[PDB]
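Take a look at this single chain, the form deposited in one PDB entry, given in structure tokens.
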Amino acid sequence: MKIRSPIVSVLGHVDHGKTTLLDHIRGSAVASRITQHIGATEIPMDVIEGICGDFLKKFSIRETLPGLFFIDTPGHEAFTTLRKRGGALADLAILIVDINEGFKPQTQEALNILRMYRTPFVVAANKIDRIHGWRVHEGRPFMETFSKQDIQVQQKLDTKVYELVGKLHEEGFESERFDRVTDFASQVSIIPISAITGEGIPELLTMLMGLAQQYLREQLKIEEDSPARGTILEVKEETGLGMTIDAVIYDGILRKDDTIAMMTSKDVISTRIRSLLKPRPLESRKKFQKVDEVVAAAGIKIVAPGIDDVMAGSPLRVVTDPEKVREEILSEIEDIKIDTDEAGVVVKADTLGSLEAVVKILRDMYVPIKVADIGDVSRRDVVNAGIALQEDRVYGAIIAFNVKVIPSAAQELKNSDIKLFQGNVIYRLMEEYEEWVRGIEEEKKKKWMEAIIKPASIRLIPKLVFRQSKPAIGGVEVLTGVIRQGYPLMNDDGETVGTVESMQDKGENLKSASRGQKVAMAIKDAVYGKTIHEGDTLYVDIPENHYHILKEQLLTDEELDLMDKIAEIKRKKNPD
């Protein structure tokens, strides 16, 4: 057993500086007296100590770590592909943000995933050299170069830092410029830097080491002779070689003659490795260097037969026991794909990692999942959604992340009832889904409220009697509420006097009457001069069970007052 290098991802909105930042650290390494990796950069502890001043001396873990293994983040800003059995492949992260631009959509998306997988991170407020009036002091610690700026320049920088603090706060994260942090464990540390200039990088790396000191212990233990465990980051063609796999090994050893298992779009496969390729060491004509093996804390390119359909994000396992590896990979993938008869909600994502991100977020929002898979929305996805709609329209929806819609499914989707949420920003999709369930929720109650007998009051206008009884008919004025056709009416003493049979507003047939409308009303079972009298006030005879639904669904002010009045009336022969 040994302690490996913490794996570090660099996340952030396009053009905010992820690449430039990595190149600068790479450069400080290149300029010294280092193993090369495919898709990653290892910065040895001695290099880190050379960049960080005596500032690093406060962190004892530096004496036990080999260095920091930076991931040169995947294809097209994927980042969720940097996955591992359970959560993130990265042990730590740097969230880069342009200090002059502020938080952008991609920035918030990364922030949500970092919180989701509880990955410790630091925030690098990049491009400080672009603040008006800034005088560059090449590769110097932030504190040193900052103290040489004009006072109004120092102030402009802090204004931008506090804007970031403001944004992180709205997002549920307390934070501060790194040197003003009071609780390192609960506040995000913000390090202002210039990736192009090198300014601030020393405190940036020092804070990363601070994150390691605070959080990383057993997660870094590796068994260097155990069968390698890794994650496939890319599956791509390479000139002269066929399909190739770029992977990061996070535990164990991978040898050039090993058999490795992985997941394809259909099943678990294994392949016997032909070559392990790493970049040329620092006038060979070869683009790569062959290697016999590699030990955890490595990025490698693998050449092996039928890997065309291997999924990016798939676990990579050296095989000892064929059945155990297969079931172990299947169980992992099983919690991400999903296809059952129960629940509802159909999810489609562009990659395994993204699908996993959506599935987890949904599971946190306690939304059941019927289908979750990779690929464009299909007719089958639509049909399955329709099936789930049957037991709550809350599930009659398809959440499609960075995926297109198959024409066949487009047509199937023609008939409504099936809501389609499309987008390349996970938090927005979840935002939209909630405000969607929101409406569906209101549209539901209002619907069952229409079936509830509400409070309403009526006054029998004197001298406007058109029929004494059988259908009793007379002029009426609605006092409070909304009297409806069918409503039961009761005496001032709770005695039932009849039901509203029909109403008419001048020449209009009304099923509902409100305010002080005054209409000719027919009251079934009532008889003038006997059970009802001119001038009387009549009240809706609200049922007990219906009355109780004052709390289970609450209604004008006058209506409220009336409800109490109606309660007082009926309480004359049965309290409550």
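Heads up: residue numbers just count along the shown sequence, starting at 1. C-alpha atoms forming the largest set that superposes within 1.5 Å between two forms make up the rigid core.
Keep in mind the form deposited in another entry is missing from the figure; the text below concerns it.
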property	result
Answer among 312, 336, 490, 473 for the CA shift between this form and the one not shown that reaches 2 Å or more, rigid core superposed	336
C-alpha of residue 196 moved at least 2 Å between this form and the one not shown on rigid core	no
Core-aligned C-alpha movement of residue 81 between this form and the one not shown reaching 2 Å	no
Core-superposed comparison between this form and the one not shown, residue 441 Cα displacement 2 Å or beyond	no
